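# Residue-level structure breakdown
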Amino acid sequence: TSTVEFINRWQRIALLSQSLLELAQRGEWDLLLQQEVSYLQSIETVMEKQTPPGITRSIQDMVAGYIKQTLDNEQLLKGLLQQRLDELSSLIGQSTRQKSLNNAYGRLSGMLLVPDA
Amino acid sequence: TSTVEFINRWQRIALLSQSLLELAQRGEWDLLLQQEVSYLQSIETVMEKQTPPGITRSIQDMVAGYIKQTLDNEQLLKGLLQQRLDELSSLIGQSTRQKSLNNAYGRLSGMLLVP
């Protein structure tokens, strides 16, 4: 029926959300980055679908729970992401030795008393 | 030997640096974080270092060659790492401010001047 199809569609997204939560909980960002484009294109498709006629409050609740499940992994993800963004952004900063080095290079580069033999 | 250790150190930095770059190209950032402190540690311990009495333009040129070598290795590393941050943010999404501010910046750079 169109009602199980409705439910199932959202069961499908609920899964993918939980899918990426892992692609990050474990460490696969190279992957996760690829599968997000889809997960998004997926949430999008299921939204321009036509909600069946005979929807009952019971069903409405079932689907909503899935969406909640989804929104909940979506917040865990965002957290882990901001966390990885954090420690990485931490690396660039400490190392503005570019000046220490550009200084260490420029200095040596401009010596005038340097003999040769 | 106080002249040799001088060269040998920068050789070593240039080496460690090539190392770290390569690791990033692979995306092995977990190891970068690890080796980082030790790297910044050494690279600093080297500038704290004193420059010898008998540098010849050869030792000069040579060492410069390394310093400029490690200097570009990092330049490249910074770019990969900045790109990770870039696509990583792309995912998390921008805050309300972040947008109102970024837009301002582009509107400025993407501005043609004429007085």
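The residue numbers you see begin from 1 on each chain and track the sequence as written, which may not match the entry, and residues missing coordinates are not shown. Starting at A for chains and at 1 for ligands, labels are handed out in the order in which the entities are written. In computing side-chain properties, one takes all heavy atoms of the structure into account and sets aside hydrogens as well as water.

This deposited entry lists X-ray crystallography as its structure determination method and 3.20 Å as its resolution.

## Some points on the interface of chain A and chain B
Put simply, the rule reads: Contacts are residue-level and defined by heavy atoms, with any inter-residue pair within 4.5 Å sufficient. Summed over both partners, the accessible surface that disappears when two parts come together, traced with a 1.4 Å probe, is what is meant by buried area. By definition here, a salt bridge exists when the distance from a side-chain nitrogen of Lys or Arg to a carboxyl oxygen of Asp or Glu is within 4 Å. Under this definition, polar contacts are N or O atom pairs within 3.5 Å; protein pairs additionally need one hydrogen-donor-capable and one acceptor-capable atom, and for neighbouring residues in sequence, both atoms have to be side-chain atoms. Numbering of helices and strands runs from the N terminus, with a helix taken as a DSSP run of H or I at least four residues long and a strand as a DSSP run of E at least two residues long.
Opposite the 30 residues of chain A that make contact, chain B presents 33 residues. By the criterion of area lost to chain B, the three top residues of chain A are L91, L101 and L108 of chain A, representing 21% of everything that side buries. Along the contact surface separating chain A from chain B lie 3 salt bridges. For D30 of chain B, the salt bridge goes to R84 of chain A, with nearest N and O atoms at 3.2 Å. Counting every contact that joins chain A to chain B gives 5 residue pairs in polar contact. The set of elements that each furnish at least two residues to the side of chain A that touches chain B consists of α2 (29–45), α3 (57–94) and α4 (97–109) of chain A. It is α3 of chain A that provides the largest number of residues to the side of chain A that touches chain B, a total of 11 residues.

## Structural notes on the packing of helix α1 (residues 4–26) of chain B against helix α2 (residues 29–47) of chain B
All names here are of chain B. Our working definition: Fitted lines through C-alpha atoms serve as axes, helices being fitted only where they are in contact, and the angles separating the N-to-C directions of these axes extend from 0 to 180 degrees. Oblique is the label for any angle not covered by the other classes, which are roughly parallel (under 35 degrees), roughly antiparallel (over 145) and roughly perpendicular (65 to 115). Helix crossings get a hand from a simple test, with the near helix turned counterclockwise from the far one by less than a right angle marking a left-handed crossing and a clockwise turn marking a right-handed one. Amino acids are sorted into nonpolar (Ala, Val, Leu, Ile, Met, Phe, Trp, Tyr, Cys and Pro), charged (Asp, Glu, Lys and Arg) and polar (every other residue, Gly among them).
Two elements in contact, α1 and α2, have axes separated by 10 Å at closest approach and are oriented at 160 degrees. Classed by the angle they form, the pair α1 and α2 counts as roughly antiparallel. At the point where α1 passes α2, the crossing takes the left-handed sense. Across the interface between the two elements, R9, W10, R12, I13, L16, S17, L20, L23 and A24 from α1 touch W29, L31, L32, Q35, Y39, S42, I43 and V46 from α2. Counted by class, the contact of α1 with α2 contains 12 nonpolar, 3 polar and 2 charged residues.

## Focus: the nonpolar core
This is how the line gets drawn: Here the nonpolar core consists of buried residues drawn from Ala, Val, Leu, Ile, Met, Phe, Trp, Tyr and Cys, with membership extended through side-chain atoms lying within 4.5 Å. For the exposure calls, accessible area comes from a 1.4 Å probe over protein chains only, and a residue counts as buried if that area is under 20% of its type's maximum, exposed if over 50%, partly exposed in between.
Core analysis: the largest hydrophobic core is formed by 49 residues, its most contacted members being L32 and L81 of chain A together with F6, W10, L32 and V63 of chain B. Mapped onto this core, the elements with two or more residues apiece are α1 (2–25), α2, α3 and α4 of chain A together with α1, α2 and α3 (57–92) of chain B. With 12 residues, α3 of chain B is the single largest residue contributor to this core.

## Observations concerning α3 of chain A
What counts is decided by this rule: Helix span, as expected, comes to 1.5 Å for every residue beyond the first.
Over its 38 residues, α3 of chain A extends 56 Å from the first C-alpha to the last, a length consistent with the 56 Å expected when each residue adds 1.5 Å. Buried within α3 of chain A are the following residues: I59, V63, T70, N73, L77, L81, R84, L85, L88 and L91 of chain A. On its buried side, α3 of chain A packs onto α1 and α2 of chain A together with α2 and α3 of chain B. Of the residues that open α3 of chain A, the one with a side-chain oxygen 3.0 Å from the backbone nitrogen of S58 of chain A is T56 of chain A.

## A few points about α2 of chain B
What counts, and what does not: A residue's bend is the angle separating two fitted axes: one through the seven residues that end there, the other through the seven that start there.
Between its first and last C-alpha atoms α2 of chain B spans 26 Å; for 19 residues at 1.5 Å apiece the expected length is 27 Å, and the two agree. Most pronounced at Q35 of chain B, the bend in α2 of chain B amounts to some 40 degrees. Those residues of α2 of chain B not exposed but buried are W29, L32, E36, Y39, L40, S42, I43 and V46 of chain B. Those residues of α2 of chain B that are buried are in contact with α3 and α4 of chain A together with α1 and α3 of chain B.

## Things to note about the pattern of salt bridges
Where charged atoms from two side chains of opposite charge approach closely, those side chains can pair. Within the structure shown, the criterion is met by 9 salt bridges over all chains. Put simply, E22 of chain A and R26 of chain A hold a salt bridge, and the shortest N to O gap is 3.6 Å. Of the residues examined, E22 of chain A reaches a relative accessible area of 33% and is grouped as partly exposed. According to the relative accessible area criterion, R26 of chain A is exposed, its value standing at 57%. Close ionic contact of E22 of chain B with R26 of chain B constitutes a salt bridge, the shortest N to O distance being 3.3 Å. With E22 of chain B and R26 of chain B both in helix α1, this residue pair falls 4 residues apart, about one helical turn. Classification of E22 of chain B by relative accessible area gives partly exposed; the value is 33%. Linked through salt bridges whose partners overlap, the residues forming this network are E22, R26 and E28 of chain A.

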